[PDB]
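S.K.:
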Amino acid sequence: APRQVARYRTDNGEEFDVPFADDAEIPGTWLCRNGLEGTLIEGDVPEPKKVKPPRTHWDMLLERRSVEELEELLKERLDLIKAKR
Amino acid sequence: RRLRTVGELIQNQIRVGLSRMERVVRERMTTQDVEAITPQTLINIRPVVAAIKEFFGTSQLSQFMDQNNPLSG
Amino acid sequence: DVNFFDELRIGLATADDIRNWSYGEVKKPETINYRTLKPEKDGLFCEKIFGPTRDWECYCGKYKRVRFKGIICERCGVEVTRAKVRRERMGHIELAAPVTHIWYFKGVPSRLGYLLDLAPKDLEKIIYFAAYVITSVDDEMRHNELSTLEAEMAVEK
Amino acid sequence: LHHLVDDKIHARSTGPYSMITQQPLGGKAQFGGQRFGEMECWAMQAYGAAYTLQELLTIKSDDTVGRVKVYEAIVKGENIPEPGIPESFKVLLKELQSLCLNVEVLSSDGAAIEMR
Amino acid sequence: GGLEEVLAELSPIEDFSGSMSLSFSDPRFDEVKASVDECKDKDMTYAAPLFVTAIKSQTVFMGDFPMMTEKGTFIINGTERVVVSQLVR
Amino acid sequence: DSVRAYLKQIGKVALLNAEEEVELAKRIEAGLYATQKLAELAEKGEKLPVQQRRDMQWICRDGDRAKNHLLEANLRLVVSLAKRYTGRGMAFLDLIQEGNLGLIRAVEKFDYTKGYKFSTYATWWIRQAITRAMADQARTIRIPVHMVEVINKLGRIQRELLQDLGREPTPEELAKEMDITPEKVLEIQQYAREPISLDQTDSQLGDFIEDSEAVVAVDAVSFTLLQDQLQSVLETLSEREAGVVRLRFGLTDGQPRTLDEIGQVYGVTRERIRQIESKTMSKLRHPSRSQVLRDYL
Amino acid sequence: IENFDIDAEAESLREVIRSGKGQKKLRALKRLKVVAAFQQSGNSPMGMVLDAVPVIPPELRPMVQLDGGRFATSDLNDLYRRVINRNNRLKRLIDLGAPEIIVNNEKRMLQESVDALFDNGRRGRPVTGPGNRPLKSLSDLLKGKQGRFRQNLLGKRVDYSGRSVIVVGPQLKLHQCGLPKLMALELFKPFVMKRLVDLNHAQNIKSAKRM
Amino acid sequence: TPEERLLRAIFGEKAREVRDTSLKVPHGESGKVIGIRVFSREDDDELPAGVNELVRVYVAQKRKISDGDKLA
DNA sequence: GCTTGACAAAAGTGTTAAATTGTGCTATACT
DNA sequence: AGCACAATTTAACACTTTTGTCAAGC
Ligand SMILES: CC(=O)O[C@H]1[C@H](C)[C@H](O)[C@H](C)[C@@H](O)[C@@H]([C@H](C)OC(=O)C(C)(C)CC(=O)O)CC/C=C(/C)C(=O)Nc2cc(O)c3c4c(c(C)c(O)c3c2O)O[C@](C)(O/C=C/[C@H](O[C@H]2C[C@@H]3OCO[C@@H]3[C@@H](C)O2)[C@H]1C)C4=O
Ligand SMILES: [Zn+2]
């Protein structure tokens, strides 16, 4: 049995060959020698991703100021630059 | 001829353990408000007990006794 | 392993030569789990890159006998082979910013210093971020605008 | 005096070997190996004995596959095989590669060979 | 005493902001925990625990203080040790 | 010296009063909302006055200047907190950089409406960022921060009882005081152990480490003699009998096979293989057949 | 180095005119050895700045459990850990949009970790571990520096060897030496085992070993 | 190993785990056993963390004077 | 020499309930 | 320091498939 070959492609364009699992399944993504995630060319995507949004600076501001308090501050600034003119 | 005798060179190592212990009693007494402070709670004796524990174990002067005959020891 | 070779030659190892040697990039400053005492993935000692700890056995254990050799594990990513490869395989670390090789900077004589004509005391202030160095300058724009800039400079002065 | 024959006599045919360096290891409870220094290597070269020096430094000390096949040949009574590459030298090449020095052992042809 | 001389020269430790009475005096000893045969057999150290007896006045413990035997030796972790004398200028 | 260069450069930035801290805090929050507003309107299909939209994009530029200016002013506060944690297993610079990471979050979460001085709220994040870093980095074998808490907590309980009793507490008393099992604290004390250097000192330590995995030279010869010996003992078996014992123990391909697998190649029931095995095993146990295999053990 | 002409910088260094009777010409001559060295071969001078750092195999920087339950490890693991820790934090700073003071400070710390990894202590104080002992870098490993220097004058330990105390052998011939029976027994152990198996004293080689 | 399991199954021995780890006498020494001190886990004694049992064996040797010994 | 169905043990597999691990956070002022 | 919470790993118990086994029959 022991022969099965699959190729993965990284984001920078390099190609990698991983022989494995003649009798079993094949992953869709693989951590390669390049240190980057690979993607199989044949045998489609079949894996989803959770893709949680990284908590940003906007998330920490919006959870203290309400959108009305920000709008009033933005008017205080915009009216201030109008005074410069 | 200084001739550091055992007890006198023992005392010198206790100085470092006590002095480095007093450096902590200066700093850690300030952060906490008063009347919650006593020489007991703030003093961590680790540097004192570590110095004497670090002396016999690591000092070149503290030697494994040599006795294959009474004269050697 | 012919025991007879004619020449032995060296040379500067480029970043590509380093990427070619490595079997993978070690991404974490981890050595081994504190409970299982086994190599942590993506860190140092990682079997997925350096090699398997036990002969002809992967990390998860779905391939144990010698029947499977020259293959990798789909679940853990460990190539099944002799454990001696842990001694023969290297990794690499991709740098977020370039770095100088200390042998060609602090050497006596300084190889970079004699190559770019930078005094060793001046070169130490560059790579250690103690001074700025001009990389490029635009000659045409400076020569064409030199007139107006001298005027504005003397006016401010 | 405390120096006694029972404590100072040592003999070793085969025994354990160190982990990092594959050389034998003396100073444990059993079967300490004797050290062959460069001064002894200088005397061995002065005599012009090339094989004796090669046997000590490759198959008696550092050959991973050497010292096992010699013990095998000696037991069967066959000729002793030709030594291999000492592990000390293979470790030397990796130490150079980790220093960002690209070393390559080139034969007369087949440009570069990899130890493995 | 040696410990008293060391404790007296440091006593009191005065904080710069406000005064603190940390003066130490009259250190206390306890009878040696175990005999030299017990310490050498059980691999422990021959020591007598010492606690300083001195602005709150709460007596504090310090740690196991090793002791010298009649032969002039110390048992440290079950091993009989001798502290050589040093000669400096 | 490296650390001297960092202190000289940060000492240039002038410290700020209370009024400068609030103004910069406003410009940052104005810059953030302006940046988010411009991005949300294209999603919702809206347009704004050309001149005023331009002004918002200048609020974005100016917001970042306030952000960097606020960080550079308090870079002295990070060092002042990082001086106390030196010598505990992390380099000073690493404590400063990990402190700067906490400072960055202090600026992102600061609230100027509360009227508190900035150094009050910044010390929390800067001090926690250093400690949290030590739990993740200092040890060669990393330990989760939650275990670093109980390790440090048990050390405090141990240090408090050492003073309380006059003797070092036993596992039972240390556990009773900490409300855990007595054998649990033993496992904790194993985790808190830190490694020793193989390169420390006449000869280095690593030179005395045995290689336990490498098998002895005599056995590699005896195993081959045992292999050749079993080869001859398989000749007296039937052709299929040899094949069954081989496949059963995986002598040929290295992996044992189940009775079902074995029968599949020969085309018989898995029970039939169990029957053939019993006969070959008893036939192998015959004295004439197994006489030689006794010495090999 | 990217925009740099070796040949054009060599022709400028080829001039022996411009009087240069003193050190002015020898400076150009001494440095020309490093400038002409790159021109002759096909090596790129870019090799002096690393974009990637190679990692030595683990078996050469092992971490194994010592006697009595203690742990032991090489210094390279901590020196490699020093590099990968700061390289990663630099990635966090870049993605955070941090000021240049913090970013450039981290780049300098990253530069010093690789310096300590290759040759520790060559510049500035070396990285010290427990007890204030300088960590052993790759250069210390290659030179064979244990305390100060052991430049392979220890050679390597060999099998089939032994030693003992010597006594006078006045009855010996010049070509003879008195050998203790036990020392000669263990020394020739593989040989006697063979001849012992050649005869019927021991059935197999495993039995002759115990004999 | 596969070759070892066969002999194990033939003669009835089993792959009872195990790796033999015994305190043998060092090569080149002999004598009589004078005393043994054993520290077990059942009894409450003091020992390092995790180590259940500790036993120390004392062996004595009556050394005759022999050629090669150093006198002075 | 071979298969059947029973029965069991053992080996897996999917669905849950602890636990383990990681990240965020703490507001007198503190440079 | 300590706690809250989310995310991930672990161990559970479970119900099903696989594997070894006995007795009876072809
Ligand atoms: C394990 C140990 O403790 O060894 C001890 C010491 C040797 C033992 O007491 C030993 C039992 C010894 O008493 C007997 C022994 C039979 O003698 C011999 O070994 C020979 C073979 C040479 C004599 C012979 O047969 O000819 C007989 C000795 C009789 C004589 C005239 C003698 O030797 N004098 C002598 C010899 C020394 O070299 C040193 C020495 C030293 C200091 C501060 C000394 O005063 C020394 C000293 O007076 O500094 C150095 C660099 O290093 C220090 C290393 C050690 O000290 C430890 C102390 C701590 O213990 C654990 O952590 C520390 C460790 C790191 O260092 C030394 C002080 C060092 O070389
Ligand atoms: Zn696996």
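Protein chains in written order, with our numbering: chain X, 915 to 999; chain E, 867 to 939; chain U, 1061 to 1217; chain B, 86 to 201; chain D, 4 to 92; chain L, 12 to 308; chain R, -17 to 193; chain Z, 4 to 75. Even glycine gets a Cβ: it sits at the ideal position worked out from N, Cα and C.
1. Touching or not, the segment 115 to 132 of chain R and the segment 57 to 65 of chain R, by the rule of three or more beta carbon pairs under 8 angstroms?
2. Give the straight-line distance between the Cα atoms of E:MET887 and D:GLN89, rounded to the nearest whole angstrom.
3. Given L:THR192, which residues of its chain have a CB within under 8 angstroms of its CB, disregarding the five upstream and five downstream residues?
4. Return yes when the C-beta of U:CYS1133 is under 7 angstroms from any heavy atom of ligand 2, and no when it is not.
5. U:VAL1138: beta carbon under 7 angstroms from a heavy atom of ligand 2?
6. In chain order, which beta strand (DSSP E) runs of at least 3 residues are fully inside the segment 6 to 75 of chain Z?
7. Looking at L:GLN215 and ligand 1, is the gap between the Cβ and the nearest heavy atom below 7 angstroms?
8. Would you kindly work out how many angstroms separate the C-alpha atoms of R:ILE(-12) and R:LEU11, rounded to a whole number?
9. To the nearest angstrom, how far is the alpha carbon of E:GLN898 from that of D:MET23?
10. Starting from the C-beta of R:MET91, find all residues in its chain whose C-beta is less than 6 angstroms away, skip the five residues before and the five after it, and write them out in chain order.
11. Please list, in chain order, all residues of the same chain as D:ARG84 whose beta carbon is under 6 angstroms from its beta carbon, the five residues on each side excluded.
12. I'd like the ranges of any beta strand (DSSP E) spanning at least 3 consecutive residues and lying wholly in the segment 40 to 102 of chain R.
13. Once the 5 residues before and after R:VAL16 are set aside, which same chain residues still bring their CB inside 8 angstroms of it?
14. Can you name the start and end residues of the beta strand (DSSP E) that X:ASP931 belongs to?
15. R:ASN59 touches chain L at which residues, Cβ-Cβ below 8 angstroms?
16. My output table needs one value for R:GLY137: the three-state DSSP class, helix, strand or coil.
17. Short check: CB of U:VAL1138 to CB of U:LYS1108, under 8 angstroms?
18. When DSSP labels each residue in this structure, what does D:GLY66 get in the three-state scheme?
19. Measuring only from the beta carbon, is B:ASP92 closer than 7 angstroms to any heavy atom that is part of ligand 1?
20. Sorted by chain position, which residues of the same chain lie with C-beta nearer than 6 angstroms to Z:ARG40's C-beta, five sequence neighbours on each side aside?
21. Assign R:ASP97 to buried or exposed, taking buried as 16 or more other Cβ atoms, counted over all protein chains shown, within 10 Å of its Cβ.
22. Using a Cβ-Cβ cut-off of 8 angstroms, state whether E:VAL882 counts as contacting chain D.
23. Just to make sure I have the definition right: I need the residues of chain L whose C-beta is within less than 7 angstroms of the C-beta of Z:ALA52. Which are they?
24. Just by C-beta distance, which residues in the segment 30 to 52 of chain Z are closer than 8 angstroms to chain B?
25. Tell me whether X:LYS998 is buried or exposed, calling it buried when 16 or more other Cβ atoms sit within 10 Å of its Cβ.
26. Just how far apart, CA to CA, sit U:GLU1134 and U:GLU1100?
27. With a threshold of 8 angstroms on Cβ separation, who are the neighbours of L:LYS164 within its own chain once the five nearest residues in sequence on each side are excluded?
28. Under three-state DSSP, which class holds B:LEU184?
29. In three-state DSSP terms, what is X:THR943?
30. Of all the CB atoms in chain B, is at least one closer than 8 angstroms to the CB of L:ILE207?
31. Does DSSP classify X:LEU994 as helix, strand or coil?
32. Determine which residues of the segment 236 to 266 of chain L have a Cβ less than 8 angstroms from any Cβ of chain Z, and write them out in chain order.
33. Buried or exposed: where does R:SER143 fall if 16 or more other Cβ atoms within 10 Å of its Cβ makes it buried?
34. Determine, using beta carbons only, whether R:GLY79 and Z:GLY53 come nearer to each other than 8 angstroms.
35. Using a Cβ-based criterion (distance less than 7 angstroms to any ligand heavy atom), does D:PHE68 qualify as near ligand 1?
36. Return helix, strand or coil for U:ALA1143, following the three-state DSSP convention.
M.R.: Short version:
1. yes
2. The residue labelled residue 887 of chain E in the question sits at position 21 within the second sequence. The residue labelled residue 89 of chain D in the question sits at position 86 within the fifth sequence. Those two C-alpha atoms are separated by around 26 angstroms.
3. As a first step, residue 192 of chain L is located in the sixth sequence; it is residue number 181 there, counting from the start. If we look at L:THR192 and ignore the five residues flanking it on each side, its Cβ neighbours are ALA186.
4. To locate residue 1133 of chain U, count along the third sequence from 1; it is residue 73. Correct: U:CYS1133 has its Cβ closer than 7 angstroms to ligand 2.
5. In the third sequence, residue 1138 of chain U corresponds to position 78, counting from 1. Yes, the Cβ of U:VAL1138 comes within 7 angstroms of a heavy atom of ligand 2.
6. 35 to 42, 57 to 63
7. Your numbering for residue 215 of chain L matches position 204 in the sixth sequence. Incorrect: L:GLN215 has no Cβ contact closer than 7 angstroms to ligand 1.
8. Sequence index remark: in the seventh sequence, residue -12 of chain R carries index 6 (1-based). Sequence index remark: in the seventh sequence, residue 11 of chain R carries index 29 (1-based). Approximately 15 angstroms between the Cα atoms of the pair.
9. For the purposes of this step, residue 898 of chain E is identified with residue 32 of the second sequence, where counting begins at 1. For the purposes of this step, residue 23 of chain D is identified with residue 20 of the fifth sequence, where counting begins at 1. If I take the Cα positions, the gap works out to 15 angstroms.
10. The sequence position of residue 91 of chain R within the seventh sequence is 109, counting from 1. Hits under 6 angstroms: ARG68.
11. Locating residue 84 of chain D in the fifth sequence gives position 81, counting from the first residue. The residues are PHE77.
12. 45 to 47, 53 to 55
13. Position 34 of the seventh sequence holds residue 16 of chain R. Within the same chain, R:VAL16 has no close Cβ partners at all.
14. For the purposes of this step, residue 931 of chain X is identified with residue 17 of the first sequence, where counting begins at 1. 929 to 933 is the span of the beta strand (DSSP E), which, as asked, contains X:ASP931.
15. As a position in the seventh sequence, residue 59 of chain R is number 77, starting the count at 1. By Cβ distance, chain L contributes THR151.
16. Taking the seventh sequence and counting its residues from 1, the one referred to as residue 137 of chain R is at position 155. DSSP places R:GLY137 in coil when its eight states are reduced to three.
17. Here residue 1138 of chain U refers to the residue found at position 78 of the third sequence. Here residue 1108 of chain U refers to the residue found at position 48 of the third sequence. Yes, they are a contact pair.
18. Taking the fifth sequence and counting its residues from 1, one reaches residue 66 of chain D at position 63. In the structure shown, D:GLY66 sits in a strand (DSSP, three-state: E or B).
19. By one-based count along the fourth sequence, residue 92 of chain B stands at place 7. Every heavy atom of ligand 1 is 7 angstroms or more from the Cβ of B:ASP92, so no.
20. By one-based count along the eighth sequence, residue 40 of chain Z stands at place 37. Cβ neighbours of Z:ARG40 beyond the five flanking positions: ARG59.
21. Indexing the seventh sequence from 1 puts residue 97 of chain R at position 115. So R:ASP97 counts as buried.
22. Within the second sequence, numbered from 1, the residue matching residue 882 of chain E stands at position 16. So no, E:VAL882 is outside the interface.
23. Along the eighth sequence, one-based indexing puts residue 52 of chain Z at 49. In chain order: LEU197, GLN200, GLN201.
24. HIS30, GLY31, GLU32
25. In the first sequence, the residue the question calls residue 998 of chain X occupies position 84. Exposed: under 16 other Cβ atoms inside 10 Å.
26. Your numbering for residue 1134 of chain U matches position 74 in the third sequence. Your numbering for residue 1100 of chain U matches position 40 in the third sequence. One C-alpha to the other measures close to 17 angstroms.
27. Start at 1 with the first residue of the sixth sequence, and residue 164 of chain L comes out as number 153. The residues are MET189.
28. The count along the fourth sequence starts at 1 and reaches residue 184 of chain B at position 99. Here B:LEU184 sits in coil by DSSP.
29. As a working mapping, residue 943 of chain X is identified with position 29 in the first sequence. It is a strand residue.
30. Mapped onto the sixth sequence, residue 207 of chain L falls at position 196. Answer no: the Cβ-Cβ gap between L:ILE207 and chain B never drops below 8 angstroms.
31. The count along the first sequence starts at 1 and reaches residue 994 of chain X at position 80. Three-state DSSP puts X:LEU994 in a helix.
32. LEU237, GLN238, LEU241, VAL256, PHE260, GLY261, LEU262, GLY265
33. As a first step, residue 143 of chain R is located in the seventh sequence; it is residue number 161 there, counting from the start. Label assigned to R:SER143: buried.
34. In the seventh sequence, residue 79 of chain R corresponds to position 97, counting from 1. In the eighth sequence, residue 53 of chain Z corresponds to position 50, counting from 1. Cβ atoms of R:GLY79 and Z:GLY53: not closer than 8 angstroms.
35. Stepping through the fifth sequence from its first residue, residue 68 of chain D is reached at position 65. Flag unset: Cβ of D:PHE68 not near ligand 1.
36. Residue mapping note: residue 1143 of chain U aligns to position 83 of the third sequence, counting from 1. Here U:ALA1143 sits in helix by DSSP.
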